[PDB]
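Numbering (the numbering used here), first residue to last: 14 to 123.
From the three backbone atoms N, C-alpha and C, an ideal C-beta is built for every residue, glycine too.
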Amino acid sequence: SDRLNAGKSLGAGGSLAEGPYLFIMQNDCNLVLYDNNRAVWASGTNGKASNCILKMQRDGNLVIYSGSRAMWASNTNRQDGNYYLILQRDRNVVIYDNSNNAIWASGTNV
């Protein structure tokens, strides 16, 4: 899938895909955007923890968890709503709110 809805998570090795673009929660706990084989964006949490999962929270925060501990957050807090994370056709990864306004972007658009 190209998108992750609020309330859902990606496990280790789980990913969003779009053509040759891959946005993946790695087993090494790094959250990475690949253009084919080239890493173009990363959370930078590689080696920080194990069995990390990515959670698109109902408050609009994208958060990496390892067990109950937060490893990394997008820090885009609003309130409970209907956000979604999307890997866009232009290679940007964006969190949208119920109104389709961008609240967070990776800034990796080509």
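N-terminal and C-terminal residue of the beta strand (DSSP E) that residue i is part of
{"i": "residue 48", "result": "44-48"}
{"i": "residue 19", "result": "No beta strand (DSSP E) contains residue 19, which DSSP labels as neither H nor E."}
{"i": "residue 61", "result": "Residue 61 -> no beta strand (DSSP E), and no H or E assigned at all."}
{"i": "residue 86", "result": "82-86"}
Residues of its chain near residue i, where Cβ-Cβ distance is below 6 Å and the 5 sequence neighbours each way are ignored
{"i": "residue 61", "result": "42 and 84"}
{"i": "residue 53", "result": "46 and 121"}
Under 8 Å between C-beta atoms of residue i and residue j
{"i": "residue 63", "j": "residue 77", "result": "no"}
{"i": "residue 66", "j": "residue 98", "result": "no"}
{"i": "residue 40", "j": "residue 26", "result": "yes"}
{"i": "residue 119", "j": "residue 106", "result": "yes"}
{"i": "residue 15", "j": "residue 100", "result": "yes"}
Contacts around residue i, its chain only, beta-carbon distance under 7 Å, and the 5 residues preceding and following it disregarded
{"i": "residue 70", "result": "19 and 76"}
{"i": "residue 123", "result": "103 and 104"}
{"i": "residue 21", "result": "69"}
Cβ-based neighbour list, residue i, same chain, cut-off 8 Å, excluding 5 preceding and 5 following
{"i": "residue 94", "result": "19, 71, 72, 73, 110 and 111"}
{"i": "residue 116", "result": "73, 89, 91, 96, 108, 109 and 110"}
{"i": "residue 136", "result": "A query on residue 136 cannot be resolved here, the shown segment of the chain reaching from 14 to 123 and no further."}
{"i": "residue 58", "result": "42, 43, 44, 65, 77, 84 and 85"}
Expected contact under 8 Å - CB spacing of residue i and residue j to nearest Å
{"i": "residue 121", "j": "residue 104", "result": "5 Å"}
{"i": "residue 44", "j": "residue 29", "result": "In fact, because the Cβ distance is near 11 Å, the residues do not count as touching under 8 Å."}
Original post:
If you pair each beta-carbon of the region 27-40 with each one of the region 80-88, do three or more pairs fall below 8 Å?
Top reply: no
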